Structures are given as structure tokens and as C-alpha cells.
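Participant: For reference, this is entry.pdb, and it has PDB, C-alpha atoms.
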```pdb
ATOM      1  CA  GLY B   1     -48.327  25.869 -34.278  1.00  0.00           C
ATOM      2  CA  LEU B   2     -46.296  23.089 -35.876  1.00  0.00           C
ATOM      3  CA  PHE B   3     -43.645  25.619 -36.965  1.00  0.00           C
ATOM      4  CA  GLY B   4     -43.894  28.088 -34.081  1.00  0.00           C
ATOM      5  CA  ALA B   5     -44.324  31.313 -36.068  1.00  0.00           C
ATOM      6  CA  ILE B   6     -48.051  32.053 -36.382  1.00  0.00           C
ATOM      7  CA  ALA B   7     -49.524  32.534 -32.896  1.00  0.00           C
ATOM      8  CA  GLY B   8     -45.978  31.709 -31.778  1.00  0.00           C
ATOM      9  CA  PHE B   9     -43.002  34.051 -31.913  1.00  0.00           C
ATOM     10  CA  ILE B  10     -45.097  36.301 -34.188  1.00  0.00           C
ATOM     11  CA  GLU B  11     -48.011  36.774 -31.822  1.00  0.00           C
ATOM     12  CA  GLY B  12     -50.649  38.394 -34.032  1.00  0.00           C
ATOM     13  CA  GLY B  13     -51.666  39.340 -37.540  1.00  0.00           C
ATOM     14  CA  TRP B  14     -51.698  42.620 -39.441  1.00  0.00           C
ATOM     15  CA  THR B  15     -55.218  43.886 -40.111  1.00  0.00           C
ATOM     16  CA  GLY B  16     -53.690  46.813 -42.004  1.00  0.00           C
ATOM     17  CA  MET B  17     -52.058  44.465 -44.514  1.00  0.00           C
ATOM     18  CA  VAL B  18     -54.894  43.813 -46.962  1.00  0.00           C
ATOM     19  CA  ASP B  19     -53.091  42.906 -50.206  1.00  0.00           C
ATOM     20  CA  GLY B  20     -51.480  39.598 -49.235  1.00  0.00           C
ATOM     21  CA  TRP B  21     -51.222  36.663 -46.861  1.00  0.00           C
ATOM     22  CA  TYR B  22     -47.593  37.109 -45.764  1.00  0.00           C
ATOM     23  CA  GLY B  23     -45.134  39.957 -45.991  1.00  0.00           C
ATOM     24  CA  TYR B  24     -43.360  42.811 -44.283  1.00  0.00           C
ATOM     25  CA  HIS B  25     -43.778  46.105 -42.481  1.00  0.00           C
ATOM     26  CA  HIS B  26     -40.972  48.643 -42.839  1.00  0.00           C
ATOM     27  CA  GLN B  27     -40.024  51.958 -41.240  1.00  0.00           C
ATOM     28  CA  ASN B  28     -37.201  54.304 -42.241  1.00  0.00           C
ATOM     29  CA  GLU B  29     -36.537  57.959 -43.076  1.00  0.00           C
ATOM     30  CA  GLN B  30     -38.456  57.835 -46.370  1.00  0.00           C
ATOM     31  CA  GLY B  31     -41.589  56.327 -44.827  1.00  0.00           C
ATOM     32  CA  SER B  32     -43.285  53.231 -43.443  1.00  0.00           C
ATOM     33  CA  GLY B  33     -46.095  50.826 -44.293  1.00  0.00           C
ATOM     34  CA  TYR B  34     -47.120  47.213 -44.865  1.00  0.00           C
ATOM     35  CA  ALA B  35     -46.182  45.475 -48.117  1.00  0.00           C
ATOM     36  CA  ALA B  36     -47.165  41.991 -49.248  1.00  0.00           C
ATOM     37  CA  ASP B  37     -44.525  39.441 -50.227  1.00  0.00           C
ATOM     38  CA  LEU B  38     -45.528  38.401 -53.736  1.00  0.00           C
ATOM     39  CA  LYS B  39     -43.515  35.189 -54.101  1.00  0.00           C
ATOM     40  CA  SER B  40     -44.724  33.482 -50.918  1.00  0.00           C
ATOM     41  CA  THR B  41     -48.311  34.715 -51.316  1.00  0.00           C
ATOM     42  CA  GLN B  42     -48.447  33.764 -55.003  1.00  0.00           C
ATOM     43  CA  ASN B  43     -47.136  30.240 -54.420  1.00  0.00           C
ATOM     44  CA  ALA B  44     -49.397  29.671 -51.408  1.00  0.00           C
ATOM     45  CA  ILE B  45     -52.498  30.705 -53.368  1.00  0.00           C
ATOM     46  CA  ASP B  46     -51.560  28.154 -56.036  1.00  0.00           C
ATOM     47  CA  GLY B  47     -51.054  25.466 -53.388  1.00  0.00           C
ATOM     48  CA  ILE B  48     -54.379  26.013 -51.630  1.00  0.00           C
ATOM     49  CA  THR B  49     -56.227  26.102 -54.953  1.00  0.00           C
ATOM     50  CA  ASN B  50     -54.547  22.805 -55.834  1.00  0.00           C
ATOM     51  CA  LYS B  51     -55.492  21.418 -52.410  1.00  0.00           C
ATOM     52  CA  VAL B  52     -59.146  22.417 -52.770  1.00  0.00           C
ATOM     53  CA  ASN B  53     -59.178  21.138 -56.357  1.00  0.00           C
ATOM     54  CA  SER B  54     -57.701  17.781 -55.340  1.00  0.00           C
ATOM     55  CA  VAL B  55     -60.638  17.293 -52.947  1.00  0.00           C
ATOM     56  CA  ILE B  56     -63.613  18.517 -54.998  1.00  0.00           C
ATOM     57  CA  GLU B  57     -62.703  17.882 -58.654  1.00  0.00           C
ATOM     58  CA  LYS B  58     -63.191  14.126 -58.271  1.00  0.00           C
ATOM     59  CA  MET B  59     -66.449  14.696 -56.344  1.00  0.00           C
ATOM     60  CA  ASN B  60     -68.479  15.006 -59.539  1.00  0.00           C
ATOM     61  CA  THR B  61     -72.253  15.091 -59.185  1.00  0.00           C
ATOM     62  CA  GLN B  62     -73.911  11.756 -59.952  1.00  0.00           C
ATOM     63  CA  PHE B  63     -77.404  10.403 -60.577  1.00  0.00           C
ATOM     64  CA  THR B  64     -78.807   8.924 -57.372  1.00  0.00           C
ATOM     65  CA  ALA B  65     -80.219   5.429 -57.821  1.00  0.00           C
ATOM     66  CA  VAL B  66     -83.956   4.825 -57.578  1.00  0.00           C
ATOM     67  CA  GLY B  67     -85.360   4.329 -54.101  1.00  0.00           C
ATOM     68  CA  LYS B  68     -86.459   0.708 -54.184  1.00  0.00           C
ATOM     69  CA  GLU B  69     -89.859  -0.570 -53.056  1.00  0.00           C
ATOM     70  CA  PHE B  70     -90.406  -4.030 -51.583  1.00  0.00           C
ATOM     71  CA  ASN B  71     -93.460  -6.036 -50.586  1.00  0.00           C
ATOM     72  CA  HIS B  72     -94.222  -7.999 -47.408  1.00  0.00           C
ATOM     73  CA  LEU B  73     -92.458 -11.142 -48.704  1.00  0.00           C
ATOM     74  CA  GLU B  74     -89.257  -9.230 -49.561  1.00  0.00           C
ATOM     75  CA  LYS B  75     -87.991  -8.222 -46.109  1.00  0.00           C
ATOM     76  CA  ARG B  76     -84.610  -9.931 -46.574  1.00  0.00           C
ATOM     77  CA  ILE B  77     -83.769  -8.001 -49.738  1.00  0.00           C
ATOM     78  CA  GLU B  78     -85.361  -4.906 -48.207  1.00  0.00           C
ATOM     79  CA  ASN B  79     -82.961  -5.189 -45.270  1.00  0.00           C
ATOM     80  CA  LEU B  80     -80.072  -5.850 -47.659  1.00  0.00           C
ATOM     81  CA  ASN B  81     -80.972  -2.663 -49.524  1.00  0.00           C
ATOM     82  CA  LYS B  82     -81.129  -0.825 -46.193  1.00  0.00           C
ATOM     83  CA  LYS B  83     -77.752  -2.285 -45.215  1.00  0.00           C
ATOM     84  CA  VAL B  84     -76.268  -1.091 -48.512  1.00  0.00           C
ATOM     85  CA  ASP B  85     -77.660   2.439 -48.157  1.00  0.00           C
ATOM     86  CA  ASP B  86     -76.588   2.751 -44.516  1.00  0.00           C
ATOM     87  CA  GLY B  87     -73.153   1.271 -45.199  1.00  0.00           C
ATOM     88  CA  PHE B  88     -72.249   3.796 -47.889  1.00  0.00           C
ATOM     89  CA  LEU B  89     -73.651   6.725 -45.905  1.00  0.00           C
ATOM     90  CA  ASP B  90     -71.589   5.942 -42.805  1.00  0.00           C
ATOM     91  CA  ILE B  91     -68.342   5.689 -44.777  1.00  0.00           C
ATOM     92  CA  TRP B  92     -68.787   8.948 -46.694  1.00  0.00           C
ATOM     93  CA  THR B  93     -70.034  10.825 -43.619  1.00  0.00           C
ATOM     94  CA  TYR B  94     -67.161   9.624 -41.433  1.00  0.00           C
ATOM     95  CA  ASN B  95     -64.477  10.065 -44.103  1.00  0.00           C
ATOM     96  CA  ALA B  96     -65.552  13.533 -45.258  1.00  0.00           C
ATOM     97  CA  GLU B  97     -65.656  14.880 -41.700  1.00  0.00           C
ATOM     98  CA  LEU B  98     -62.313  13.294 -40.808  1.00  0.00           C
ATOM     99  CA  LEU B  99     -60.628  14.326 -44.065  1.00  0.00           C
ATOM    100  CA  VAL B 100     -61.601  17.993 -43.665  1.00  0.00           C
ATOM    101  CA  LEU B 101     -60.334  18.027 -40.069  1.00  0.00           C
ATOM    102  CA  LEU B 102     -56.978  16.566 -41.121  1.00  0.00           C
ATOM    103  CA  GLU B 103     -56.719  18.845 -44.162  1.00  0.00           C
ATOM    104  CA  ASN B 104     -57.526  21.957 -42.121  1.00  0.00           C
ATOM    105  CA  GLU B 105     -54.707  21.169 -39.684  1.00  0.00           C
ATOM    106  CA  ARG B 106     -52.236  20.900 -42.567  1.00  0.00           C
ATOM    107  CA  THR B 107     -53.528  24.133 -44.121  1.00  0.00           C
ATOM    108  CA  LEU B 108     -52.769  26.083 -40.937  1.00  0.00           C
ATOM    109  CA  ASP B 109     -49.368  24.399 -40.613  1.00  0.00           C
ATOM    110  CA  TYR B 110     -48.691  25.214 -44.275  1.00  0.00           C
ATOM    111  CA  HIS B 111     -49.279  28.910 -43.569  1.00  0.00           C
ATOM    112  CA  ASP B 112     -47.127  28.586 -40.443  1.00  0.00           C
ATOM    113  CA  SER B 113     -44.279  27.052 -42.449  1.00  0.00           C
ATOM    114  CA  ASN B 114     -44.396  29.785 -45.100  1.00  0.00           C
ATOM    115  CA  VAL B 115     -44.135  32.541 -42.476  1.00  0.00           C
ATOM    116  CA  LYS B 116     -41.229  30.775 -40.770  1.00  0.00           C
ATOM    117  CA  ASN B 117     -39.451  30.205 -44.091  1.00  0.00           C
ATOM    118  CA  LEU B 118     -39.994  33.863 -44.990  1.00  0.00           C
ATOM    119  CA  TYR B 119     -38.573  34.969 -41.632  1.00  0.00           C
ATOM    120  CA  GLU B 120     -35.535  32.703 -42.032  1.00  0.00           C
ATOM    121  CA  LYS B 121     -34.737  34.130 -45.475  1.00  0.00           C
ATOM    122  CA  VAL B 122     -34.485  37.641 -44.028  1.00  0.00           C
ATOM    123  CA  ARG B 123     -32.527  36.454 -40.985  1.00  0.00           C
ATOM    124  CA  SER B 124     -30.104  34.476 -43.161  1.00  0.00           C
ATOM    125  CA  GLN B 125     -29.331  37.656 -45.110  1.00  0.00           C
ATOM    126  CA  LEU B 126     -28.909  40.374 -42.478  1.00  0.00           C
ATOM    127  CA  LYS B 127     -26.675  38.401 -40.049  1.00  0.00           C
ATOM    128  CA  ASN B 128     -24.679  40.780 -37.778  1.00  0.00           C
ATOM    129  CA  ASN B 129     -25.947  43.897 -39.581  1.00  0.00           C
ATOM    130  CA  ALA B 130     -29.303  43.769 -37.760  1.00  0.00           C
ATOM    131  CA  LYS B 131     -30.591  42.904 -34.294  1.00  0.00           C
ATOM    132  CA  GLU B 132     -33.346  40.327 -33.762  1.00  0.00           C
ATOM    133  CA  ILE B 133     -35.798  42.130 -31.466  1.00  0.00           C
ATOM    134  CA  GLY B 134     -38.485  39.436 -31.383  1.00  0.00           C
ATOM    135  CA  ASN B 135     -42.008  39.329 -32.801  1.00  0.00           C
ATOM    136  CA  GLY B 136     -40.470  38.723 -36.217  1.00  0.00           C
ATOM    137  CA  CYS B 137     -38.925  42.205 -36.352  1.00  0.00           C
ATOM    138  CA  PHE B 138     -35.388  43.272 -37.245  1.00  0.00           C
ATOM    139  CA  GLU B 139     -33.672  46.471 -36.098  1.00  0.00           C
ATOM    140  CA  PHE B 140     -30.824  47.517 -38.379  1.00  0.00           C
ATOM    141  CA  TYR B 141     -27.463  48.715 -37.097  1.00  0.00           C
ATOM    142  CA  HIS B 142     -27.250  50.874 -40.243  1.00  0.00           C
ATOM    143  CA  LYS B 143     -29.542  53.153 -42.205  1.00  0.00           C
ATOM    144  CA  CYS B 144     -31.649  51.132 -44.664  1.00  0.00           C
ATOM    145  CA  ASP B 145     -33.431  53.328 -47.210  1.00  0.00           C
ATOM    146  CA  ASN B 146     -36.319  52.225 -49.434  1.00  0.00           C
ATOM    147  CA  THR B 147     -33.897  50.759 -51.983  1.00  0.00           C
ATOM    148  CA  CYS B 148     -32.120  48.789 -49.248  1.00  0.00           C
ATOM    149  CA  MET B 149     -35.420  47.437 -47.892  1.00  0.00           C
ATOM    150  CA  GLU B 150     -36.434  45.891 -51.224  1.00  0.00           C
ATOM    151  CA  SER B 151     -33.057  44.137 -51.485  1.00  0.00           C
ATOM    152  CA  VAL B 152     -33.896  42.266 -48.273  1.00  0.00           C
ATOM    153  CA  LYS B 153     -37.322  41.428 -49.731  1.00  0.00           C
ATOM    154  CA  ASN B 154     -35.476  40.132 -52.820  1.00  0.00           C
ATOM    155  CA  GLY B 155     -32.644  37.872 -51.654  1.00  0.00           C
ATOM    156  CA  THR B 156     -30.064  40.418 -52.841  1.00  0.00           C
ATOM    157  CA  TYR B 157     -29.105  42.347 -49.656  1.00  0.00           C
ATOM    158  CA  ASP B 158     -25.396  43.224 -49.721  1.00  0.00           C
ATOM    159  CA  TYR B 159     -23.915  42.452 -46.305  1.00  0.00           C
ATOM    160  CA  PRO B 160     -20.423  43.933 -46.991  1.00  0.00           C
ATOM    161  CA  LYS B 161     -21.954  47.151 -48.365  1.00  0.00           C
ATOM    162  CA  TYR B 162     -23.430  48.063 -44.968  1.00  0.00           C
ATOM    163  CA  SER B 163     -21.036  45.928 -42.899  1.00  0.00           C
ATOM    164  CA  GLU B 164     -18.510  48.688 -42.205  1.00  0.00           C
ATOM    165  CA  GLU B 165     -21.301  51.024 -41.114  1.00  0.00           C
ATOM    166  CA  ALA B 166     -23.246  48.455 -39.083  1.00  0.00           C
ATOM    167  CA  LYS B 167     -20.073  47.175 -37.402  1.00  0.00           C
ATOM    168  CA  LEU B 168     -19.298  50.567 -35.849  1.00  0.00           C
ATOM    169  CA  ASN B 169     -22.807  51.153 -34.481  1.00  0.00           C
ATOM    170  CA  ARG B 170     -22.953  47.587 -33.148  1.00  0.00           C
ATOM    171  CA  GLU B 171     -19.709  47.882 -31.180  1.00  0.00           C
ATOM    172  CA  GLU B 172     -20.667  51.390 -30.020  1.00  0.00           C
ATOM    173  CA  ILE B 173     -23.550  50.044 -27.934  1.00  0.00           C
ATOM    174  CA  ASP B 174     -21.424  46.953 -27.246  1.00  0.00           C
ATOM    175  CA  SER B 175     -19.009  49.326 -25.481  1.00  0.00           C
TER     176      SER B 175
ATOM    177  CA  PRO M 222    -113.453 -11.287 -46.799  1.00  0.00           C
ATOM    178  CA  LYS M 223    -115.707  -8.385 -47.746  1.00  0.00           C
ATOM    179  CA  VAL M 224    -113.498  -5.439 -48.721  1.00  0.00           C
ATOM    180  CA  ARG M 225    -115.172  -2.258 -50.001  1.00  0.00           C
ATOM    181  CA  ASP M 226    -118.542  -4.047 -50.241  1.00  0.00           C
ATOM    182  CA  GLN M 227    -117.117  -6.929 -52.273  1.00  0.00           C
ATOM    183  CA  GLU M 228    -116.601 -10.564 -51.262  1.00  0.00           C
ATOM    184  CA  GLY M 229    -114.831 -11.235 -54.573  1.00  0.00           C
ATOM    185  CA  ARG M 230    -111.345 -10.333 -55.744  1.00  0.00           C
ATOM    186  CA  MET M 231    -109.724  -9.162 -58.983  1.00  0.00           C
ATOM    187  CA  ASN M 232    -106.005  -9.531 -59.713  1.00  0.00           C
ATOM    188  CA  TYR M 233    -104.385  -7.031 -62.094  1.00  0.00           C
ATOM    189  CA  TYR M 234    -101.517  -8.060 -64.376  1.00  0.00           C
ATOM    190  CA  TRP M 235     -99.133  -6.353 -66.796  1.00  0.00           C
ATOM    191  CA  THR M 236     -96.532  -7.155 -69.446  1.00  0.00           C
ATOM    192  CA  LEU M 237     -94.375  -5.572 -72.143  1.00  0.00           C
ATOM    193  CA  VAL M 238     -94.674  -6.167 -75.897  1.00  0.00           C
ATOM    194  CA  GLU M 239     -91.513  -6.168 -78.000  1.00  0.00           C
ATOM    195  CA  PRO M 240     -91.525  -4.573 -81.466  1.00  0.00           C
ATOM    196  CA  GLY M 241     -92.935  -6.920 -84.081  1.00  0.00           C
ATOM    197  CA  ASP M 242     -94.545  -9.201 -81.494  1.00  0.00           C
ATOM    198  CA  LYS M 243     -98.134 -10.425 -81.235  1.00  0.00           C
ATOM    199  CA  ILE M 244    -100.054 -10.757 -77.966  1.00  0.00           C
ATOM    200  CA  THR M 245    -103.040 -13.117 -77.955  1.00  0.00           C
ATOM    201  CA  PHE M 246    -106.066 -13.279 -75.657  1.00  0.00           C
ATOM    202  CA  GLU M 247    -108.381 -16.266 -75.224  1.00  0.00           C
ATOM    203  CA  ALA M 248    -110.982 -16.819 -72.519  1.00  0.00           C
ATOM    204  CA  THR M 249    -114.367 -18.386 -71.857  1.00  0.00           C
ATOM    205  CA  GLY M 250    -115.033 -15.993 -68.973  1.00  0.00           C
ATOM    206  CA  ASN M 251    -113.544 -13.952 -66.136  1.00  0.00           C
ATOM    207  CA  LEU M 252    -111.466 -11.665 -68.362  1.00  0.00           C
ATOM    208  CA  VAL M 253    -111.169  -7.898 -67.948  1.00  0.00           C
ATOM    209  CA  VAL M 254    -109.707  -7.000 -71.334  1.00  0.00           C
ATOM    210  CA  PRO M 255    -107.423  -4.000 -71.877  1.00  0.00           C
ATOM    211  CA  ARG M 256    -108.873  -0.930 -73.548  1.00  0.00           C
ATOM    212  CA  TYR M 257    -106.118   1.716 -73.380  1.00  0.00           C
ATOM    213  CA  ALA M 258    -102.484   0.604 -73.618  1.00  0.00           C
ATOM    214  CA  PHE M 259     -99.289   2.671 -73.529  1.00  0.00           C
ATOM    215  CA  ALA M 260     -96.282   3.120 -75.806  1.00  0.00           C
ATOM    216  CA  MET M 261     -93.168   4.405 -74.081  1.00  0.00           C
ATOM    217  CA  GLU M 262     -89.454   5.122 -74.315  1.00  0.00           C
ATOM    218  CA  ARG M 263     -87.099   5.176 -71.337  1.00  0.00           C
ATOM    219  CA  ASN M 264     -85.362   8.431 -70.425  1.00  0.00           C
ATOM    220  CA  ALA M 265     -82.584   7.464 -67.928  1.00  0.00           C
ATOM    221  CA  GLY M 266     -82.408   9.886 -65.006  1.00  0.00           C
ATOM    222  CA  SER M 267     -85.906   9.703 -63.531  1.00  0.00           C
ATOM    223  CA  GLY M 268     -87.473   8.309 -60.390  1.00  0.00           C
ATOM    224  CA  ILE M 269     -90.379   8.279 -57.958  1.00  0.00           C
ATOM    225  CA  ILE M 270     -90.682  10.655 -54.996  1.00  0.00           C
ATOM    226  CA  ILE M 271     -93.164  10.302 -52.130  1.00  0.00           C
ATOM    227  CA  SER M 272     -93.920  13.702 -50.605  1.00  0.00           C
ATOM    228  CA  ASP M 273     -96.592  16.171 -49.511  1.00  0.00           C
ATOM    229  CA  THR M 274     -94.563  19.150 -50.742  1.00  0.00           C
ATOM    230  CA  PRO M 275     -96.452  21.524 -53.073  1.00  0.00           C
ATOM    231  CA  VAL M 276     -95.466  21.699 -56.733  1.00  0.00           C
TER     232      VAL M 276
END
```
What is this structure when it is put down as C-alpha cells?
Facilitator:
Amino acid sequence: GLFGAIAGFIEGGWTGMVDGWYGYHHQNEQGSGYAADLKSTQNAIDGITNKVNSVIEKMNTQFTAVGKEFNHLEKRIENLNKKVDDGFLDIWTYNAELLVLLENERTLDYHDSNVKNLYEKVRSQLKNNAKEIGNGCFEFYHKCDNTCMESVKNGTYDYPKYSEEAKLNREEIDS
Amino acid sequence: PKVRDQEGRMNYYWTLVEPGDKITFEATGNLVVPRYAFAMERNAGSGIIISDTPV
């Protein structure tokens, strides 16, 4: 969408990832599996709850005014009452429909941004030590055990630690 | 005009009596005096609904 990740360069979702909104799938010698990214999921849940709260909290239930009754010599004020009732109804009906449409578009873009930001954080870390193979996936030029995988999911990944390894494998296929 | 077998008409009136206030009646004819009056206190959130829905 607006950020090109969801239904973009990451074509589809992960039905097998049930414990979070965004995150990772890994595969190495120890094992594989989907794992939710806590930080992005936790913040996004707070944001959407705030967004829903900011729409409904001020929509407190109220006491509807009495339906007025008018006689045959009160058509003018009867029509004025009808104009008042119709005027308010049109505004709330039009605004509520339009507001939800606009909000829903931002909600999807918000999820799109969070995926893209999550992808960029990993890409900014690995650099030459991994190959971007599309669909939001990275192929390492070095062995990355379970401990190494969490460092990427942490913002801690040590590029020089695996640089000497990854450099040799990279230039091996480069030659 | 004869309505419900009656060429005459009767007009029905109403008023409210404040606490500590006297209401006086005086007539030489054509008076349909009250018999049962009502004492009341306003609630707030109430209204009138026109419907055929069962209760």
C-alpha cells in the first residue's frame, strides 16, 4: 500500500504465526519456526487501542429529546423541528461513514509502515553479511545459530563478528 | 355539526397549581367541575412512544 510492504514486496501473510501481528520466520541448523516481534506488536496494539478510544470515548450515550407534537396551526414550527432533526441526522450519518473510511485507510497504512520499518531495521544491521532474496527474506553468507538470530531481532547483531566468515563465502560465489 | 350524536361541544382545559396556592371556581352554569386531580413530580428521562409493539 502506502509503504509498499504489505501486499507489496511481502506478498502474503503467515497463517502459522498466531502470537503476533508482525515478526520473523527463521531457519538454521538448530530449527525453524515463526516468532512474533514483541516491540512492534506491543506498540501497535497500544496505538490501535488509542485510535479506537479517541473515536468512541467521546461518543457517550445521551438522553434523546422528546419527540414533539404539533397541531394544525403549528406547521411552521413543525417544519422547523423536522429541519432540525433532519439536519443533525445528515451530518452525523455523513461524518461517521466518512471518518471510518478515512481512519481505516490509515490503519492499514499504519500496519504497512510498521512492517517496512521492521524490515529496514534488519536490513540496516546485516549489510554485506546477508543477501536480500526478496519477499522480505534474508539469506546469510554465514552460519547464524539461534543466539545469532535473536541478536538480529534485538538491534545487537555484530557485523564484524561474522564479517570475516561471510566475506569469504560471498566472494566464493562472486568468483 | 353533529359529532357522535351531539350538536353541542365541550372544551377541556388544564392548569398547574403551585405549592401554597389557591384555585377558585365560580360559575352560574356550564361548568364541568373537577373531581379527581393529580399530584406529581418530574423524573427527567421519560417520554412518549407511539407503537403497536407488544409489552
Participant: Calculate how many Å separate atom CA of residue 63 of chain B from atom CA of residue 266 of chain M, rounding to one decimal.
Facilitator: 6.7 Å
Participant: Interatomic distance between atom CA of residue 29 of chain B and atom CA of residue 168 of chain B?
Facilitator: 20.1 Å
Participant: Can you list what the PyMOL selection byres ((chain M) within 9 of (chain B)) grabs from this structure, as an mmCIF file with C-alpha atoms, keeping the file's coordinate frame?
Facilitator:
```cif
data_model
loop_
_atom_site.group_PDB
_atom_site.id
_atom_site.type_symbol
_atom_site.label_atom_id
_atom_site.label_comp_id
_atom_site.auth_asym_id
_atom_site.auth_seq_id
_atom_site.Cartn_x
_atom_site.Cartn_y
_atom_site.Cartn_z
ATOM 1 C CA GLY M 266 -82.408 9.886 -65.006
ATOM 2 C CA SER M 267 -85.906 9.703 -63.531
ATOM 3 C CA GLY M 268 -87.473 8.309 -60.390
ATOM 4 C CA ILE M 269 -90.379 8.279 -57.958
ATOM 5 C CA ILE M 270 -90.682 10.655 -54.996
#
```
Participant: List every residue of segment 73-160 of chain B that has an atom at most 10 Å from any atom of segment 38-60 of chain B, giving for each one its closest atom pair and the distance in Å to one decimal, counting all atoms listed in the file, sorted by chain and then by ascending residue number, as a tab-separated table.
Facilitator:
```
residue	atom	partner	partner_atom	distance
B:96	CA	B:55	CA	9.9
B:99	CA	B:55	CA	9.4
B:100	CA	B:55	CA	9.4
B:103	CA	B:51	CA	8.7
B:107	CA	B:48	CA	7.8
B:110	CA	B:44	CA	8.4
B:111	CA	B:44	CA	7.9
B:114	CA	B:40	CA	6.9
B:115	CA	B:40	CA	8.5
B:117	CA	B:40	CA	9.2
B:118	CA	B:40	CA	7.6
B:153	CA	B:38	CA	9.6
B:154	CA	B:39	CA	9.5
```
Participant: Name every residue that the PyMOL selection byres ((chain B and resi 5) around 9) selects in this structure, writing the answer as a PyMOL selection string with chains first and numbers rising.
Facilitator: chain B and resi 1-4+6-11+112-113+115-116+119+135-136
Participant: In Å, rounded to a single decimal, give me how far atom CA of residue 22 of chain B is from atom CA of residue 36 of chain B.
Facilitator: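 Distance reported for this atom pair: 6.0 Å.
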Participant: Taking 5 positions as the minimum chain separation for residues in the same chain, which residues sit within 12 Å of residue 245 of chain M when counting only C-alpha atoms? Answer as an NGL selection string.
Facilitator: :M and (238 or 254-255)
Participant: Env of residue 231 of chain M: 10 Å cut, atoms = all atoms listed in the file, seq-sep filter 2 positions within chain, self excluded. Answer as a PyMOL selection string.
Facilitator: chain M and resi 229+233-234+251-253
Participant: May I ask which of the residues B:142, B:83, B:75, B:122 is the closest one to residue 37 of chain B, counting all atoms listed in the file?
Facilitator: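 Among B:142, B:83, B:75, B:122, it is B:122 that comes nearest to residue 37 of chain B.
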Participant: Would you translate the PyMOL selection byres ((chain B and resi 160) around 12) into the concrete set of residues it matches in this file, as a list in words?
Facilitator: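 Output from the PyMOL selection byres ((chain B and resi 160) around 12), applied to this file: residues 125, 126, 127, 128, 129, 142, 156, 157, 158, 159, 161, 162, 163, 164, 165, 166 and 167 of chain B.
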